[PDB]
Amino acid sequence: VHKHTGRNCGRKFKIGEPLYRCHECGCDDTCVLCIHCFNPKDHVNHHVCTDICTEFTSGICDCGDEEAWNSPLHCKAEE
């Protein structure tokens, strides 16, 4: 399972995978969520940017790292 109760997700993105950013919820433009963590319920009419990961934009999911987010998130894997 992709659930990670009480800790950060930290799932590394692979080339060609979807990554989710939110203008409002993200602290800065490096703050990202994976497909298993991103919950549409959290971002109704928010400015959500979903990209496809490349060779260059390689990193980790920030779900559960509270210093990466302005609002409390609700992990999609958790429901």
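Residues carry their position along the shown sequence, with the first being 1. Between two forms, the rigid core is defined as the largest C-alpha subset superposing within 1.5 Å.
Relative to the shown model and aligned on the rigid core, the C-alphas in 8 other deposited structures of this protein deviate most, among 27-35 and 47-55, for 47-55. Taking the rigid core as the alignment reference, the C-alpha atoms of 1-9 lie farther on average from the displayed form in 8 other deposited structures of this protein than those of the other stretch among 1-9 and 68-76.
18-26 and 64-72 differ in mean CA B-factor, and the higher of the two is recorded for 64-72. The PDB entry gives the largest Cα B-factor of the residues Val48, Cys31, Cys53, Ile35 to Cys53.
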